[PDB]
Amino acid sequence: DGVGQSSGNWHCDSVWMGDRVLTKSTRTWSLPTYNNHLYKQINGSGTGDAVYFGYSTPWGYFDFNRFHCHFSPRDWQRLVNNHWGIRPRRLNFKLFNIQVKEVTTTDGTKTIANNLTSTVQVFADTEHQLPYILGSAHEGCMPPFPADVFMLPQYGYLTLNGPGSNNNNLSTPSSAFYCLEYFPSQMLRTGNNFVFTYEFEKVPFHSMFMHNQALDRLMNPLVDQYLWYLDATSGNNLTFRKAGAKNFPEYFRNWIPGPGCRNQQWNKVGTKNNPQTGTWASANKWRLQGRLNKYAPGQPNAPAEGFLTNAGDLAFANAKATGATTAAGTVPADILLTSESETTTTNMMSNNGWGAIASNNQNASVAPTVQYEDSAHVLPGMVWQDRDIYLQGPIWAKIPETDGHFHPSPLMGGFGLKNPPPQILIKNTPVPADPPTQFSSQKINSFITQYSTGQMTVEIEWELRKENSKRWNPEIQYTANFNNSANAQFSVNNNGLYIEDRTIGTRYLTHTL
Amino acid sequence: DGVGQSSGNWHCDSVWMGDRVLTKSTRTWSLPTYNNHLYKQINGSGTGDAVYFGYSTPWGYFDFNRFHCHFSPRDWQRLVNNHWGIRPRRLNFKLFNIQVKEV
Amino acid sequence: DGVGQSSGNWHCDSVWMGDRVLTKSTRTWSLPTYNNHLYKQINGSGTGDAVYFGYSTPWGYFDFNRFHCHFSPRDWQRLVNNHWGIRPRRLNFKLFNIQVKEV
Amino acid sequence: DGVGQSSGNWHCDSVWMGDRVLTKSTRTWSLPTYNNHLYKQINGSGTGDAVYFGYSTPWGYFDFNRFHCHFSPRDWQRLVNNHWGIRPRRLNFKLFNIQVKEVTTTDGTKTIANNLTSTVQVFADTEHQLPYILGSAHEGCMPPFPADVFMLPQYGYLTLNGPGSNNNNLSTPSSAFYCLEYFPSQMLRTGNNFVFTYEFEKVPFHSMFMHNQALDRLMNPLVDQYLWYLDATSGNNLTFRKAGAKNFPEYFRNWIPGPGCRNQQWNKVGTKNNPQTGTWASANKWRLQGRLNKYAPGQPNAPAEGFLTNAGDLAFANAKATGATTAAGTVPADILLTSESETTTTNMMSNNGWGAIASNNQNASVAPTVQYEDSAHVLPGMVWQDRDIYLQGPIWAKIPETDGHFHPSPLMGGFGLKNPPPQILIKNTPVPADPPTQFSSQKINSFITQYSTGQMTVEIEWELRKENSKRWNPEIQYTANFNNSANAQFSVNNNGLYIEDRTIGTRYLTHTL
């Protein structure tokens with residue numbers, strides 16, 4: 001307590017026990033004053049597929065939601081080679097060592113001093129009464145590398161909009177406005193700190209395993225089935241073949257591949273692709289309220305070998321990539337692609353539809369015909385694999401509250417949660433400048449420029465499924481690149497910039513289907 | 001207590017119970033020095049319907065007396081549609097996190 | 001009990017408590033003799049999208065299934081402005097003051 | 001219990017104890033089916049001072065509110081000669097011996113049978129959640145004479161109306177519709193009966209006394225006052241007279257007469273009155289929502305001797321008077337006038353205004369002038385007598401619920417009550433006629449014609465103020481008319497019709513002011 005005593009210690013490490021496992025991380029953050037201490041309306045213009053109505057807020061927030069915040073590339077390797085599953089259990093969050101500083105500008109020379117009596121105010125929203133913007137995969141998370149310092153993102157949300165005149169951006173009567181000072185919050189000077197705990201509800205483990213067998217291939221090859229079918233109508237009579245004799249396509253099966261839809265496929269070799277100035281009209285789209293949104297990412301369908309889809313699968317970038325775009329003759333060295341190909345056993349590939357069905361009735365005169373089905377939705381007796389969790393990808397998402405939802409696993413991958421971890425919101429308390437001597441009822445426009453900084457820490461408790469497999473031969477495992485290099489993998493370069501070489505999927509160890 | 005520890009927390013909300021109801025609000029204020037540390041006589045001029053004699057004081061005051069201080073437009077809606085009457089009972093006032101600055 | 005004493009009272013009202021809520025309703029009904037004391041087969045004719053086979057019965061039935069039976073337009077207003085959800089819990093049914101008349 | 005046993009006994013009598021007093025009465029009533037088992041809207045036409053919007057209801061009600069229900073002319077005499085005050089305390093109400101009968105009409109010959117299984121249903125409204133029509137001095141009360149049989153009045157109320165087009169009779173959005181089957185009520189066959197009890201809140205006694213002194217006359221005539229006033233300005237100097245020397249108008253006083261307003265006065269001798277085809281334009285009126293209502297009755301102001309006012313004071317009629325009008329060269333023999341003349345001591349007479357006040361400033365040149373005040377409202381130091389309760393008049397009224405009210409004594413006289421006795425409402429339960437064999441979802445139009453009858457009883461407990469007065473000489477008292485007559489007073493005539501000779505005020509015994 002007091003000005004001269006620290007309110008916490010630095011905890012970053014990983015504790016590997018048999019069943020649970022406990023990861024600790026702590027980072028240094030910097031919080032400005034957004035919107036100059038004001039709420040503001042924000043809206044679009046004209047009628048179009050992108051139109052919005054919402055509010056911007058003078059509040060920041062802590063987003064730890066991404067995986068590589070909590071795990072190092074070694075721990076991640078250590079995780080995914082030895083284990084069939086993981087799910088979260090508890091988390092513990094703490095802020096401490098708050099310090100607030102004021103910025104005085106004389107000419108072009110800034111003078112930054114240390115204001116001891118200023119406060120910051122923070123609250124966690126445990127009832128989910130605010131609009132929930134986490135799990136939408138925005139920026140502003142902890143950095144991957146513990147030694148970086150980051151700036152907290154601004155909070156904002158956008159509500160219903162409605163049509164009028166030529167502008168769809170008008171506010172509908174039910175557009176909601178939330179004031180965040182109408183929430184009880186804890187005001188912190190430099191001495192005092194902040195903590196709370198949270199506990200996840202039980203969710204199914206994420207499967208870390210790649211299947212050992214295809215669906216159509218589940219059987220004994222050595223013995224034929226006892227089931228009979230109609231092979232041939234020739235000769236004015238019916239002929240029943242018996243399923244067997246190593247002819248697989250004719251076998252009866254209890255299970256059928258998962259749902260999906262056909263998606264446009266772009267070859268990774270740029271000379272083989274049609275020269276489109278941009279890919280929109282070719283995208284898979286779903287429409288809502290009379291405006292079209294790209295469908296991304298789709299169902300976990302893998303593409304053909306050597307091909308990809310736009311937004312159909314996740315992609316990341318290095319820290320060397322800046323700006324909104326990158327280009328190269330092949331996939332750029334900065335962009336990090338992901339692959340769902342481990343799912344092709346159960347799931348459906350994107351380069352063709354789901355199958356074929358009968359197109360007509362027949363008679364002696366007319367021949368039978370079939371048609372192809374490019375899209376397949378859910379049926380009874382249908383199995384599939386959900387999208388994989390990566391090291392750079394999101395962890396959870398909030399299941400929206402609706403009368404119904406089906407298999408609520410987030411399409412970007414993760415753990416769907418009814419009651420996700422609470423949003424944590426923080427603000428610099430406004431300090432007004434010298435008021436005039438005569439009284440005025442108007443708002444106080446002029447304040448003192450100031451910001452704040454301090455450490456945070458996050459402690460997650462993960463539960464993991466131990467792996468017992470009696471297969472004789474060795475398995476694929478994650479291994480650091482086998483090559484010599486000018487820069488080591490997942491390490492800092494000469495200039496001091498941390499660089500992630502790959503997105504590391506969780507699926508290596510095989511498991512019987 | 002001390003320079004480096006806050007003396008209070010931010011409380012603004014509304015608690016709706018069956019019979020009582022409890023509204024909390026908190027705001028940030030700024031106090032100058034009025035009359036340069038002096039009491040002063042103030043008075044009008046001439047004979048007219050507006051004439052006065054009084055004093056101006058180097059003191060400020062907190063006026064919460066108006067309704068919409070305590071209620072949000074949603075709580076007010078929630079109040080007036082469901083109910084035939086309201087009267088006050090108790091109030092609780094607090095100041096904290098005082099900081100004084102020189103110019 | 002007996003010819004000259006009523007077997008029940010008229011209950012129609014609505015009781016609004018904090019969590020549960022209890023609605024009462026009572027009505028007067030008239031029951032004829034259907035099918036002149038007979039079961040009867042009923043069926044359609046020809047091949048078509050509307051064709052049927054079934055039986056008609058000399059029995060009546062009480063259908064309260066619709067909402068506005070139980071709620072008045074004021075209670076319904078009072079319900080839907082203040083609340084995010086409703087589900088049923090219990091029901092209680094009673095017949096009384098039976099009287100049979102010959103023509 | 002059962003068909004063959006009575007559910008009650010006949011109780012009518014009066015029990016005179018020292019302090020409380022207890023009056024019992026019971027009557028026989030007949031209840032039809034109003035509106036053929038239907039609620040109905042009722043409304044006026046056009047724009048005018050009389051316009052309405054409301055509903056008529058298939059329910060009857062018991063109104064005992066009038067005095068002479070509970071008291072006989074002998075008990076009333078016995079009451080008002082011996083006592084200075086009375087107020088109610090408790091009441092007890094009971095229904096019993098219900099019997100319901102059906103009416104079959106074949107040709108022009110009615111056949112009335114006795115339906116044993118039919119029910120009536122009754123409830124008392126103790127929360128005053130219905131529109132309260134008692135205390136508006138309608139008909140349909142118990143008869144004055146215990147042996148008469150009466151028919152219960154129909155229940156109905158009328159709500160807000162509002163303007164549109166040329167019709168002010170449209171329903172405003174807030175016009176309320178009350179369904180009386182939405183109240184729990186007790187269903188009664190012939191065997192079972194009904195009872196409930198009620199207790200009045202404490203109200204001030206009604207003063208049964210006429211004052212012994214005028215206001216201006218309260219003093220000692222034998223000694224002059226010590227107070228001095230300016231009598232005369234003559235002779236360029238001020239002259240102060242002393243109050244006394246048997247000159248009363250100059251005395252100082254602590255109290256001043258009650259409020260009132262000037263009212264038009266019509267001489268009881270028809271030849272002396274201006275020939276108006278009707279009295280409206282001459283009436284005292286107050287206006288509400290842009291429509292004019294006669295002001296009746298006004299403040300308890302007495303008129304000149306030999307004069308009266310329209311509606312300024314209460315008036316009644318015999319049972320010989322039928323139809324809506326009666327006429328005679330003088331006040332008709334049927335009409336029963338009331339007189340407030342006992343109040344002229346404290347109150348104000350209606351034949352002139354309240355007084356005079358100074359109309360101008362003065363100087364040596366200009367003379368002083370005054371003007372007359374025809375209307376006086378309430379001031380500090382103002383005393384008055386409330387209107388008297390008669391034998392034929394109402395007992396109580398319901399104080400409307402408002403943010404403010406002043407001296408809530410009803411202007412027709414009575415006891416103003418916050419929580420008056422509950423309205424009692426009764427209906428014949430509908431019995432449908434033979435339904436068709438095929439099903440129809442429309443309402444059941446045809447019912448069985450039936451009505452019902454049975455005894456009721458009412459028991460009031462009155463508290464009365466004993467009289468102690470040391471005056472030496474005898475007092476005015478009520479006395480039966482001293483004359484021989486063809487028919488005795490308050491008695492039945494040859495044809496069997498009960499006739500009330502007078503309205504008997506409560507004020508005889510004197511009391512010092």
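Calculation notes
- Residues numbered from 1 in each chain as written, not as in the entry; some residues may be left out.
- Chains lettered and ligands numbered in written order.
- Part of a larger assembly, values for the part shown.
- Heavy atoms only, no water.
- Salt bridge = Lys/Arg side-chain N within 4 Å of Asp/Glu carboxyl O.
- Helix = DSSP H or I, 4+ residues; strand = E, 2+ residues; numbered from the N terminus.
- Buried < 20%, exposed > 50% of the residue type's maximum accessible area, 1.4 Å probe, protein only.
- Contact = heavy atoms within 4.5 Å.
- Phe/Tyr/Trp six-rings, centres within 6.5 Å; stacked < 30°, edge-to-face > 60°.
- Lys NZ or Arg CZ within 6 Å of the ring centre and 35° of its normal.
- Buried area = accessible area lost by both parts, 1.4 Å probe.
- Polar contact = N/O pair within 3.5 Å; in protein donor to acceptor, adjacent residues only side chain to side chain.
- Nonpolar A, V, L, I, M, F, W, Y, C, P; charged D, E, K, R; others polar.
- Patch = residues over 30% accessible without salt bridge, like charges linked within 9 Å, V, L, I, M, F, W, Y side chains within 5 Å.
- Areas by Shrake-Rupley, 256 points an atom, 1.4 Å probe, with all protein chains shown as cover.
- Disulfide = S-S within 2.5 Å.

cryo-EM is the method the PDB entry states for this structure, with the resolution given as 3.03 Å.

Draft legend 1. Region of interest: the pattern of salt bridges. If you walk through the whole model with that rule in mind, you get 28 salt bridges over all chains. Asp313(D) is paired through a salt bridge with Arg387(D); the nearest N and O atoms lie 3.1 Å apart. Within this pair, whereas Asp313(D) is found in the loop between β22 (307–308) and β23 (315–316), its partner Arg387(D) is found in the loop between β27 (375–376) and β28 (396–398), the two being separated by 74 residues in sequence. Residue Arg387(D) is classed as buried on the basis of its relative accessible area, which comes to 4%. It is possible to trace a salt-bridge network through shared partners that takes in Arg20(A), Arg87(A), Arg89(A), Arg90(A), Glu461(A) and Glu463(A).

Draft legend 2. Geometry of the arrangement of the chains. Chain C makes no contact with chain A, the minimum C-alpha separation between the two being 11 Å. Separating chain A from chain D is a minimum C-alpha gap of 23 Å, and the two share no contact.

Draft legend 3. Broad picture of the environment of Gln5(D). Residues and elements named next belong to chain D. Tracing the sequence through the fold places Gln-5 in the segment before β1 (13–16). On the basis of relative accessible area, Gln-5 is assigned to the partly exposed category, the value being 48%. When the C-alpha atoms of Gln-5 and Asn-169 are compared, they prove to be 52 Å apart, with 164 residues separating the residues in sequence.

Draft legend 4. Expanded view of the packing of aromatic side chains. Counted by the stated rule, this structure contains 64 aromatic pairs over all chains. Summarising the aromatic geometry, the rings of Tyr39(A) and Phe177(A) are spaced 5.8 Å apart at their centres and angled 70 degrees between planes, so their arrangement reads as edge-to-face. In this pair, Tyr39(A) sits in the loop between β2 (20–31) and β3 (40–43) while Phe177(A) sits in the loop between β11 (167–171) and β12 (186–188), placing the two residues 138 residues apart along the sequence. Its relative accessible area of 45% is what places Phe177(A) among the partly exposed residues. The interplanar angle of 80 degrees and the centroid separation of 5.5 Å between the aromatic rings of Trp29(B) and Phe62(B) together place this pair among those described as edge-to-face. With a gap of 33 residues between them, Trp29(B) in the loop between β2 (21–24) and β3 (40–43) and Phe62(B) in the loop between β4 (53–56) and α1 (67–70) connect regions that are remote in the sequence. Using a relative accessible area of 41% as the deciding quantity, one classes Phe62(B) as partly exposed. Each residue in the set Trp29(A), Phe62(A), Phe64(A), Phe93(A), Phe194(A), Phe196(A), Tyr198(A), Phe200(A) and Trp396(A) is aromatic and connected to the rest through ring pairs, giving one cluster. Over the aromatic face of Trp280(A) sits the side chain of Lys285(A), whose NZ or CZ is 5.1 Å from the ring centroid. One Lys or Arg, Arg87(D), reaches over the ring of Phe205(D) and ends 4.2 Å from the middle of that ring.

Draft legend 5. Spatial organisation of the interface of chain B and chain A. The interface is formed by 25 residues belonging to chain B together with 32 residues belonging to chain A. Both faces considered, chain B and chain A share a buried interface measuring about 2100 Å² in area, 56% of it formed by carbon and sulfur atoms. When the area that chain B buries against chain A is broken down by residue, the three leading residues are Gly4(B), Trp10(B) and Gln99(B), summing to 27%. The tally of links from chain B across to chain A stands at 0 salt bridges. The interface formed by chain B and chain A includes 11 residue pairs in polar contact. Here the residues of the side of chain B that touches chain A are counted per class, giving 9 nonpolar, 13 polar and 3 charged.

Draft legend 6. View of a nonpolar patch on the surface. Taken together, the side chains of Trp29(B), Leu31(B), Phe62(B), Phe64(B), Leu91(B), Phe93(B), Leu95(B), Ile98(B) and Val100(B) present a nonpolar region at the surface, about 950 Å² in accessible area. In this fold, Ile98(B) is placed in the segment after α2 (73–82).

Draft legend 7. Region of the structure containing the interface of chain D and chain C. Taken together, the 32 residues of chain D in the interface contact 25 residues of chain C. Roughly 2100 Å² is buried in total at the junction of chain D and chain C, and carbon and sulfur atoms are behind 56% of that figure. Area buried by chain D at its contact with chain C is led by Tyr182(D), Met187(D) and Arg189(D), which between them contribute 29% of it. Along the contact surface separating chain D from chain C lie 0 salt bridges. The interface formed by chain D and chain C contains 11 residue pairs in polar contact. Of the residues in the side of chain D that touches chain C, the class split is 16 nonpolar, 12 polar and 4 charged.

Draft legend 8. Quick look at the state of the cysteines. For the coordinates displayed, the defined rule picks out 0 disulfides over all chains. Free of any disulfide, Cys12(C) has its nearest neighbouring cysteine sulfur in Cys179(D), separated by 7.1 Å.

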